[PDB]
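A.B. asks: My file is input09.csv. It has CSV, N, CA and C atoms:
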chain,number,residue,atom,x,y,z
A,371,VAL,N,149.4,161.4,115.7
A,371,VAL,CA,150.6,160.6,115.6
A,371,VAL,C,150.8,159.7,116.8
A,372,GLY,N,150.5,160.2,118.0
A,372,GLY,CA,150.7,159.4,119.2
A,372,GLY,C,149.8,158.2,119.3
A,373,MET,N,148.5,158.5,119.0
A,373,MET,CA,147.5,157.4,119.0
A,373,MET,C,147.9,156.3,117.9
A,374,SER,N,148.2,156.8,116.7
A,374,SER,CA,148.6,155.8,115.7
A,374,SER,C,149.8,155.0,116.1
A,375,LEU,N,150.8,155.6,116.6
A,375,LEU,CA,152.0,154.9,117.0
A,375,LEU,C,151.7,153.9,118.1
A,376,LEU,N,150.9,154.3,119.1
A,376,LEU,CA,150.6,153.4,120.2
A,376,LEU,C,149.8,152.2,119.6
A,377,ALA,N,148.8,152.4,118.7
A,377,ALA,CA,148.1,151.3,118.1
A,377,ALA,C,149.0,150.3,117.4
A,378,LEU,N,149.9,150.9,116.6
A,378,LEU,CA,150.9,150.0,115.9
A,378,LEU,C,151.7,149.2,116.8
A,379,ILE,N,152.2,149.8,117.9
A,379,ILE,CA,153.1,149.1,118.9
A,379,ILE,C,152.3,148.0,119.5
A,380,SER,N,151.0,148.2,119.9
A,380,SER,CA,150.2,147.2,120.5
A,380,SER,C,149.9,146.1,119.6
A,381,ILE,N,149.6,146.4,118.3
A,381,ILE,CA,149.3,145.3,117.4
A,381,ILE,C,150.5,144.5,117.1
A,382,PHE,N,151.7,145.1,117.0
A,382,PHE,CA,152.9,144.4,116.8
A,382,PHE,C,153.2,143.5,117.9
A,383,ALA,N,153.0,144.0,119.2
A,383,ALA,CA,153.3,143.2,120.3
A,383,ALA,C,152.4,141.9,120.4
A,384,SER,N,151.1,142.1,120.1
A,384,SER,CA,150.2,141.0,120.1
A,384,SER,C,150.6,140.0,119.0
A,385,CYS,N,150.9,140.4,117.8
A,385,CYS,CA,151.3,139.5,116.8
A,385,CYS,C,152.6,138.7,117.1
A,386,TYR,N,153.6,139.4,117.7
A,386,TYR,CA,154.8,138.8,118.2
A,386,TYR,C,154.5,137.7,119.2
A,387,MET,N,153.6,138.0,120.2
A,387,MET,CA,153.2,137.1,121.2
A,387,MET,C,152.6,135.8,120.6
A,388,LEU,N,151.7,136.0,119.6
A,388,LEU,CA,151.1,134.8,119.0
A,388,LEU,C,152.2,134.0,118.3
A,389,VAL,N,153.1,134.6,117.6
A,389,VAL,CA,154.1,133.8,116.9
A,389,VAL,C,155.0,133.1,117.9
A,390,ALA,N,155.4,133.8,119.0
A,390,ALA,CA,156.2,133.1,120.0
A,390,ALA,C,155.5,132.0,120.6
A,391,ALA,N,154.2,132.1,120.9
A,391,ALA,CA,153.4,131.0,121.5
A,391,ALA,C,153.3,129.9,120.6
A,392,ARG,N,153.2,130.1,119.3
A,392,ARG,CA,153.1,129.1,118.3
A,392,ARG,C,154.5,128.3,118.3
A,393,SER,N,155.6,129.1,118.2
A,393,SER,CA,156.9,128.4,118.2
A,393,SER,C,157.2,127.6,119.5
A,394,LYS,N,156.7,128.1,120.6
A,394,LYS,CA,156.9,127.4,121.9
A,394,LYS,C,156.1,126.2,122.0
A,395,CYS,N,154.9,126.2,121.4
A,395,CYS,CA,154.1,125.0,121.4
A,395,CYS,C,154.5,123.9,120.4
A,396,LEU,N,155.0,124.3,119.3
A,396,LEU,CA,155.4,123.4,118.2
A,396,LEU,C,156.9,123.1,118.2
A,397,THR,N,157.7,123.6,119.2
A,397,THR,CA,159.1,123.3,119.2
A,397,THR,C,159.4,121.9,119.5
A,398,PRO,N,158.8,121.2,120.5
A,398,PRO,CA,159.2,119.8,120.8
A,398,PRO,C,159.0,118.8,119.7
A,399,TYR,N,158.1,119.1,118.8
A,399,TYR,CA,157.7,118.2,117.8
A,399,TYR,C,158.8,118.0,116.7
A,400,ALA,N,159.7,119.0,116.6
A,400,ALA,CA,160.8,118.9,115.6
A,400,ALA,C,162.0,118.3,116.3
A,401,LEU,N,162.0,117.9,117.6
A,401,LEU,CA,163.1,117.2,118.2
A,401,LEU,C,162.8,115.7,118.4
A,402,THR,N,161.7,115.2,117.8
A,402,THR,CA,161.4,113.8,117.7
A,402,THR,C,161.1,113.4,116.3
A,403,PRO,N,161.4,112.2,115.9
A,403,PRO,CA,160.9,111.7,114.6
A,403,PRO,C,159.4,111.2,114.6
A,404,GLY,N,158.6,112.0,115.1
A,404,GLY,CA,157.2,111.7,115.3
A,404,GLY,C,156.2,112.5,114.5
A,405,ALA,N,154.9,112.3,114.8
A,405,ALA,CA,153.8,112.9,114.0
A,405,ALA,C,153.4,114.2,114.7
A,406,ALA,N,152.8,115.1,113.9
A,406,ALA,CA,152.5,116.4,114.3
A,406,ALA,C,151.1,116.6,114.8
A,407,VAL,N,150.3,115.6,115.0
A,407,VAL,CA,148.9,115.7,115.6
A,407,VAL,C,148.1,116.5,114.7
A,408,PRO,N,147.6,116.1,113.6
A,408,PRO,CA,146.7,116.9,112.7
A,408,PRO,C,145.7,117.7,113.4
A,409,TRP,N,145.2,117.3,114.5
A,409,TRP,CA,144.3,118.1,115.3
A,409,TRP,C,144.9,119.4,115.7
A,410,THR,N,146.2,119.3,116.2
A,410,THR,CA,146.9,120.6,116.5
A,410,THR,C,147.4,121.2,115.2
A,411,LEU,N,147.7,120.5,114.2
A,411,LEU,CA,148.2,121.1,112.9
A,411,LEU,C,147.1,122.0,112.4
A,412,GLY,N,145.8,121.6,112.4
A,412,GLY,CA,144.8,122.5,111.9
A,412,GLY,C,144.7,123.8,112.6
A,413,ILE,N,144.7,123.8,113.9
A,413,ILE,CA,144.6,125.0,114.7
A,413,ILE,C,145.9,125.8,114.6
A,414,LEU,N,147.0,125.1,114.8
A,414,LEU,CA,148.3,125.8,114.8
A,414,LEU,C,149.0,125.5,113.5
A,415,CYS,N,149.1,126.4,112.6
A,415,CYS,CA,149.7,126.2,111.3
A,415,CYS,C,151.2,126.2,111.5
A,416,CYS,N,151.9,125.2,110.8
A,416,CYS,CA,153.3,125.1,110.8
A,416,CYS,C,153.9,125.0,109.4
A,417,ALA,N,155.2,125.2,109.3
A,417,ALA,CA,155.9,125.1,108.0
A,417,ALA,C,155.7,123.8,107.3
A,418,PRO,N,155.9,122.6,108.0
A,418,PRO,CA,155.6,121.3,107.3
A,418,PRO,C,154.1,121.2,107.0
A,419,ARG,N,153.7,121.3,105.7
A,419,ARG,CA,152.3,121.3,105.3
A,419,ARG,C,151.9,119.8,105.1
A,420,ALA,N,152.7,119.0,104.4
A,420,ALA,CA,152.3,117.7,104.1
A,420,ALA,C,153.4,116.7,104.5
A,421,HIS,N,154.6,117.1,104.5
A,421,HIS,CA,155.8,116.2,104.9
A,421,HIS,C,155.9,116.3,106.4
A,422,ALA,N,156.1,115.1,107.0
A,422,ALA,CA,156.3,115.0,108.4
A,422,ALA,C,155.0,115.5,109.2
B,391,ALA,N,102.9,169.0,80.2
B,391,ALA,CA,104.2,168.3,80.4
B,391,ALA,C,104.3,167.6,81.7
B,392,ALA,N,105.2,166.7,81.8
B,392,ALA,CA,105.4,165.9,83.0
B,392,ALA,C,105.8,166.8,84.2
B,393,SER,N,105.2,166.4,85.4
B,393,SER,CA,105.5,167.2,86.6
B,393,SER,C,106.4,166.4,87.5
B,394,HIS,N,107.0,165.3,87.0
B,394,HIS,CA,107.9,164.5,87.8
B,394,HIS,C,109.3,164.6,87.2
B,395,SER,N,110.3,164.0,87.9
B,395,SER,CA,111.7,164.0,87.4
B,395,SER,C,112.0,162.9,86.4
B,396,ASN,N,111.0,162.0,86.2
B,396,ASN,CA,111.0,160.9,85.2
B,396,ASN,C,112.1,159.9,85.6
B,397,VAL,N,112.0,159.3,86.7
B,397,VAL,CA,112.9,158.3,87.2
B,397,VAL,C,112.0,157.0,87.4
B,398,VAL,N,112.5,155.9,86.9
B,398,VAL,CA,111.7,154.7,86.7
B,398,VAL,C,112.2,153.5,87.6
B,399,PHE,N,113.4,153.5,87.9
B,399,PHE,CA,113.9,152.3,88.7
B,399,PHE,C,113.2,152.2,90.0
B,400,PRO,N,112.6,151.0,90.3
B,400,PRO,CA,111.8,150.9,91.5
B,400,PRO,C,112.7,150.6,92.7
B,401,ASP,N,112.1,150.6,93.9
B,401,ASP,CA,112.8,150.4,95.2
B,401,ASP,C,113.1,148.9,95.3
B,402,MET,N,114.2,148.7,96.1
B,402,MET,CA,114.5,147.3,96.4
B,402,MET,C,113.5,146.5,97.2
B,403,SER,N,112.5,147.2,97.8
B,403,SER,CA,111.4,146.6,98.5
B,403,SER,C,110.2,146.4,97.6
B,404,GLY,N,110.3,146.7,96.3
B,404,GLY,CA,109.2,146.6,95.5
B,404,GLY,C,108.9,145.1,95.2
B,405,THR,N,107.8,144.8,94.6
B,405,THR,CA,107.4,143.4,94.3
B,405,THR,C,108.4,142.7,93.4
B,406,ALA,N,108.8,143.4,92.3
B,406,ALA,CA,109.7,142.8,91.3
B,406,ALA,C,111.1,142.6,92.0
B,407,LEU,N,111.6,143.6,92.7
B,407,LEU,CA,112.9,143.4,93.3
B,407,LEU,C,112.8,142.5,94.5
B,408,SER,N,111.7,142.3,95.2
B,408,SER,CA,111.5,141.3,96.2
B,408,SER,C,111.6,139.9,95.6
B,409,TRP,N,111.0,139.7,94.5
B,409,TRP,CA,111.1,138.4,93.8
B,409,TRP,C,112.6,138.1,93.4
B,410,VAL,N,113.2,139.1,92.9
B,410,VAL,CA,114.6,138.9,92.5
B,410,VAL,C,115.5,138.6,93.7
B,411,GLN,N,115.3,139.3,94.8
B,411,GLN,CA,116.0,139.1,96.0
B,411,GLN,C,115.8,137.7,96.5
B,412,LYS,N,114.5,137.2,96.6
B,412,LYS,CA,114.2,135.9,97.1
B,412,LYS,C,114.9,134.8,96.2
B,413,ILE,N,114.8,134.9,94.9
B,413,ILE,CA,115.4,133.9,94.0
B,413,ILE,C,116.9,133.9,94.2
B,414,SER,N,117.6,135.1,94.2
B,414,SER,CA,119.0,135.1,94.4
B,414,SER,C,119.4,134.6,95.7
B,415,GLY,N,118.6,134.8,96.8
B,415,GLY,CA,118.9,134.3,98.1
B,415,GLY,C,118.8,132.8,98.1
B,416,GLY,N,117.8,132.2,97.5
B,416,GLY,CA,117.8,130.7,97.4
B,416,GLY,C,119.0,130.1,96.7
B,417,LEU,N,119.3,130.7,95.5
B,417,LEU,CA,120.5,130.2,94.8
B,417,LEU,C,121.8,130.4,95.6
B,418,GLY,N,121.9,131.5,96.3
B,418,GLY,CA,123.1,131.7,97.1
B,418,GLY,C,123.2,130.8,98.3
B,419,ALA,N,122.1,130.4,98.9
B,419,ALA,CA,122.1,129.4,99.9
B,419,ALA,C,122.5,128.1,99.4
B,420,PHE,N,122.0,127.7,98.2
B,420,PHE,CA,122.4,126.5,97.6
B,420,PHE,C,123.9,126.5,97.3
B,421,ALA,N,124.5,127.5,96.8
B,421,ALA,CA,125.9,127.6,96.5
B,421,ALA,C,126.7,127.6,97.7
B,422,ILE,N,126.3,128.2,98.8
B,422,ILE,CA,127.0,128.2,100.1
B,422,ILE,C,127.0,126.8,100.7
B,423,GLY,N,125.9,126.1,100.6
B,423,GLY,CA,125.9,124.7,101.1
B,423,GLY,C,126.8,123.8,100.3
B,424,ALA,N,126.9,124.0,99.0
B,424,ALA,CA,127.8,123.2,98.2
B,424,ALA,C,129.2,123.5,98.5
B,425,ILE,N,129.6,124.8,98.7
B,425,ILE,CA,130.9,125.2,99.2
B,425,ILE,C,131.2,124.5,100.5
B,426,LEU,N,130.3,124.5,101.4
B,426,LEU,CA,130.6,123.9,102.7
B,426,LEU,C,130.8,122.4,102.6
B,427,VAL,N,130.0,121.7,101.7
B,427,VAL,CA,130.2,120.3,101.5
B,427,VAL,C,131.6,120.0,100.9
B,428,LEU,N,132.0,120.8,99.9
B,428,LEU,CA,133.3,120.6,99.3
B,428,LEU,C,134.4,120.8,100.3
B,429,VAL,N,134.3,121.9,101.2
B,429,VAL,CA,135.3,122.2,102.1
B,429,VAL,C,135.4,121.1,103.2
B,430,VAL,N,134.3,120.6,103.7
B,430,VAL,CA,134.4,119.5,104.6
B,430,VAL,C,135.0,118.2,104.0
B,431,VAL,N,134.6,117.9,102.8
B,431,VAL,CA,135.2,116.7,102.2
B,431,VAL,C,136.7,116.8,102.0
B,432,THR,N,137.1,118.0,101.5
B,432,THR,CA,138.6,118.1,101.2
B,432,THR,C,139.4,118.2,102.5
B,433,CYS,N,138.8,118.8,103.6
B,433,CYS,CA,139.5,118.8,104.9
B,433,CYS,C,139.7,117.4,105.4
B,434,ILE,N,138.6,116.6,105.3
B,434,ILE,CA,138.7,115.2,105.8
B,434,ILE,C,139.7,114.4,104.9
B,435,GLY,N,139.7,114.6,103.6
B,435,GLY,CA,140.6,113.9,102.8
B,435,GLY,C,142.1,114.3,103.1
B,436,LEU,N,142.3,115.6,103.4
B,436,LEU,CA,143.7,116.0,103.7
B,436,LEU,C,144.1,115.5,105.1
B,437,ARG,N,143.2,115.4,106.0
B,437,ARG,CA,143.5,114.9,107.4
B,437,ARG,C,144.0,113.4,107.3
B,438,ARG,N,143.7,112.7,106.3
B,438,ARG,CA,144.2,111.3,106.1
B,438,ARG,C,145.6,111.3,105.5
Output the file's structure as structure tokens, nothing else.
C.D. replies:
Amino acid sequence: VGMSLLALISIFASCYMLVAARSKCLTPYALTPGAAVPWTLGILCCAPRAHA
Amino acid sequence: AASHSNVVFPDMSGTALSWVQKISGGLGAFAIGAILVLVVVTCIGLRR
């Protein structure tokens, strides 16, 4: 039980860190009426798939 | 009477199954190449 719980905690922490890093990298692009840099769009998936 | 257990399916390393493996491998390589071509083309098309 201890090992399983620790593994789940670590994997959740890593997933949260990835999501937060994505949000922090793509936050400034929704504060401008500009383009999303398809180069960055491919690597960093965002909610706008085709629009904007 | 027979002194064996009467099993006939050959090994995967046999001549017949080697031929089958080689032919399937060639066809699979062709299919994978076609998949890659389609994926590259569609990604380039979507990047526009």
A.B. asks: Identify, with DSSP run on backbone atoms, the residues in segment 376-420 of chain A assigned to helix (DSSP H, G or I), and express the list as a VMD selection string.
C.D. replies: chain A and resid 376 to 396 398 to 400 408 to 413
A.B. asks: Write out, as a PDB file, in the frame of the given file, the residues just selected, with N, CA and C atoms.
C.D. replies:
ATOM      1  N   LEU A 376     150.900 154.300 119.100  1.00  0.00           N
ATOM      2  CA  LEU A 376     150.600 153.400 120.200  1.00  0.00           C
ATOM      3  C   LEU A 376     149.800 152.200 119.600  1.00  0.00           C
ATOM      4  N   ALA A 377     148.800 152.400 118.700  1.00  0.00           N
ATOM      5  CA  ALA A 377     148.100 151.300 118.100  1.00  0.00           C
ATOM      6  C   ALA A 377     149.000 150.300 117.400  1.00  0.00           C
ATOM      7  N   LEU A 378     149.900 150.900 116.600  1.00  0.00           N
ATOM      8  CA  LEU A 378     150.900 150.000 115.900  1.00  0.00           C
ATOM      9  C   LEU A 378     151.700 149.200 116.800  1.00  0.00           C
ATOM     10  N   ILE A 379     152.200 149.800 117.900  1.00  0.00           N
ATOM     11  CA  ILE A 379     153.100 149.100 118.900  1.00  0.00           C
ATOM     12  C   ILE A 379     152.300 148.000 119.500  1.00  0.00           C
ATOM     13  N   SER A 380     151.000 148.200 119.900  1.00  0.00           N
ATOM     14  CA  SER A 380     150.200 147.200 120.500  1.00  0.00           C
ATOM     15  C   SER A 380     149.900 146.100 119.600  1.00  0.00           C
ATOM     16  N   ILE A 381     149.600 146.400 118.300  1.00  0.00           N
ATOM     17  CA  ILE A 381     149.300 145.300 117.400  1.00  0.00           C
ATOM     18  C   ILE A 381     150.500 144.500 117.100  1.00  0.00           C
ATOM     19  N   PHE A 382     151.700 145.100 117.000  1.00  0.00           N
ATOM     20  CA  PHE A 382     152.900 144.400 116.800  1.00  0.00           C
ATOM     21  C   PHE A 382     153.200 143.500 117.900  1.00  0.00           C
ATOM     22  N   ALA A 383     153.000 144.000 119.200  1.00  0.00           N
ATOM     23  CA  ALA A 383     153.300 143.200 120.300  1.00  0.00           C
ATOM     24  C   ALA A 383     152.400 141.900 120.400  1.00  0.00           C
ATOM     25  N   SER A 384     151.100 142.100 120.100  1.00  0.00           N
ATOM     26  CA  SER A 384     150.200 141.000 120.100  1.00  0.00           C
ATOM     27  C   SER A 384     150.600 140.000 119.000  1.00  0.00           C
ATOM     28  N   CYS A 385     150.900 140.400 117.800  1.00  0.00           N
ATOM     29  CA  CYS A 385     151.300 139.500 116.800  1.00  0.00           C
ATOM     30  C   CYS A 385     152.600 138.700 117.100  1.00  0.00           C
ATOM     31  N   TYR A 386     153.600 139.400 117.700  1.00  0.00           N
ATOM     32  CA  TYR A 386     154.800 138.800 118.200  1.00  0.00           C
ATOM     33  C   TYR A 386     154.500 137.700 119.200  1.00  0.00           C
ATOM     34  N   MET A 387     153.600 138.000 120.200  1.00  0.00           N
ATOM     35  CA  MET A 387     153.200 137.100 121.200  1.00  0.00           C
ATOM     36  C   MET A 387     152.600 135.800 120.600  1.00  0.00           C
ATOM     37  N   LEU A 388     151.700 136.000 119.600  1.00  0.00           N
ATOM     38  CA  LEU A 388     151.100 134.800 119.000  1.00  0.00           C
ATOM     39  C   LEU A 388     152.200 134.000 118.300  1.00  0.00           C
ATOM     40  N   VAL A 389     153.100 134.600 117.600  1.00  0.00           N
ATOM     41  CA  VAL A 389     154.100 133.800 116.900  1.00  0.00           C
ATOM     42  C   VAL A 389     155.000 133.100 117.900  1.00  0.00           C
ATOM     43  N   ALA A 390     155.400 133.800 119.000  1.00  0.00           N
ATOM     44  CA  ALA A 390     156.200 133.100 120.000  1.00  0.00           C
ATOM     45  C   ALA A 390     155.500 132.000 120.600  1.00  0.00           C
ATOM     46  N   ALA A 391     154.200 132.100 120.900  1.00  0.00           N
ATOM     47  CA  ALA A 391     153.400 131.000 121.500  1.00  0.00           C
ATOM     48  C   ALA A 391     153.300 129.900 120.600  1.00  0.00           C
ATOM     49  N   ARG A 392     153.200 130.100 119.300  1.00  0.00           N
ATOM     50  CA  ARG A 392     153.100 129.100 118.300  1.00  0.00           C
ATOM     51  C   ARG A 392     154.500 128.300 118.300  1.00  0.00           C
ATOM     52  N   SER A 393     155.600 129.100 118.200  1.00  0.00           N
ATOM     53  CA  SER A 393     156.900 128.400 118.200  1.00  0.00           C
ATOM     54  C   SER A 393     157.200 127.600 119.500  1.00  0.00           C
ATOM     55  N   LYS A 394     156.700 128.100 120.600  1.00  0.00           N
ATOM     56  CA  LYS A 394     156.900 127.400 121.900  1.00  0.00           C
ATOM     57  C   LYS A 394     156.100 126.200 122.000  1.00  0.00           C
ATOM     58  N   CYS A 395     154.900 126.200 121.400  1.00  0.00           N
ATOM     59  CA  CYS A 395     154.100 125.000 121.400  1.00  0.00           C
ATOM     60  C   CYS A 395     154.500 123.900 120.400  1.00  0.00           C
ATOM     61  N   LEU A 396     155.000 124.300 119.300  1.00  0.00           N
ATOM     62  CA  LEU A 396     155.400 123.400 118.200  1.00  0.00           C
ATOM     63  C   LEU A 396     156.900 123.100 118.200  1.00  0.00           C
ATOM     64  N   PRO A 398     158.800 121.200 120.500  1.00  0.00           N
ATOM     65  CA  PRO A 398     159.200 119.800 120.800  1.00  0.00           C
ATOM     66  C   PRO A 398     159.000 118.800 119.700  1.00  0.00           C
ATOM     67  N   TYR A 399     158.100 119.100 118.800  1.00  0.00           N
ATOM     68  CA  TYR A 399     157.700 118.200 117.800  1.00  0.00           C
ATOM     69  C   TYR A 399     158.800 118.000 116.700  1.00  0.00           C
ATOM     70  N   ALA A 400     159.700 119.000 116.600  1.00  0.00           N
ATOM     71  CA  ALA A 400     160.800 118.900 115.600  1.00  0.00           C
ATOM     72  C   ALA A 400     162.000 118.300 116.300  1.00  0.00           C
ATOM     73  N   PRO A 408     147.600 116.100 113.600  1.00  0.00           N
ATOM     74  CA  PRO A 408     146.700 116.900 112.700  1.00  0.00           C
ATOM     75  C   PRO A 408     145.700 117.700 113.400  1.00  0.00           C
ATOM     76  N   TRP A 409     145.200 117.300 114.500  1.00  0.00           N
ATOM     77  CA  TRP A 409     144.300 118.100 115.300  1.00  0.00           C
ATOM     78  C   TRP A 409     144.900 119.400 115.700  1.00  0.00           C
ATOM     79  N   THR A 410     146.200 119.300 116.200  1.00  0.00           N
ATOM     80  CA  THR A 410     146.900 120.600 116.500  1.00  0.00           C
ATOM     81  C   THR A 410     147.400 121.200 115.200  1.00  0.00           C
ATOM     82  N   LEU A 411     147.700 120.500 114.200  1.00  0.00           N
ATOM     83  CA  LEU A 411     148.200 121.100 112.900  1.00  0.00           C
ATOM     84  C   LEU A 411     147.100 122.000 112.400  1.00  0.00           C
ATOM     85  N   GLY A 412     145.800 121.600 112.400  1.00  0.00           N
ATOM     86  CA  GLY A 412     144.800 122.500 111.900  1.00  0.00           C
ATOM     87  C   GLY A 412     144.700 123.800 112.600  1.00  0.00           C
ATOM     88  N   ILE A 413     144.700 123.800 113.900  1.00  0.00           N
ATOM     89  CA  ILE A 413     144.600 125.000 114.700  1.00  0.00           C
ATOM     90  C   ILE A 413     145.900 125.800 114.600  1.00  0.00           C
TER      91      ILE A 413
END
A.B. asks: Against chain B, which residues of chain A fall within 10 Å? For each one I want the closest pair of atoms and the distance in Å (one decimal), counting only C-alpha atoms, rows by chain and increasing residue number, as JSON lines.
C.D. replies:
{"residue": "A:407", "atom": "CA", "partner": "B:437", "partner_atom": "CA", "distance": 9.9}
{"residue": "A:408", "atom": "CA", "partner": "B:437", "partner_atom": "CA", "distance": 6.5}
{"residue": "A:409", "atom": "CA", "partner": "B:437", "partner_atom": "CA", "distance": 8.6}
{"residue": "A:411", "atom": "CA", "partner": "B:437", "partner_atom": "CA", "distance": 9.5}
{"residue": "A:412", "atom": "CA", "partner": "B:437", "partner_atom": "CA", "distance": 8.9}
{"residue": "A:420", "atom": "CA", "partner": "B:436", "partner_atom": "CA", "distance": 8.8}
A.B. asks: How far is it from atom C of residue 425 of chain B to atom N of residue 415 of chain A, in Å with one decimal?
C.D. replies: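 Between atom C of residue 425 of chain B and atom N of residue 415 of chain A the gap is 21.7 Å.
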A.B. asks: Could you state the separation of atom CA of residue 416 of chain A and atom N of residue 385 of chain A in Å, given to one decimal place?
C.D. replies: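 Computing it gives 17.0 Å between the two atoms.
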A.B. asks: Can you measure atom N of residue 405 of chain A to atom CA of residue 434 of chain B for me? One decimal in Å is fine.
C.D. replies: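 Distance between the two atoms: 18.8 Å.
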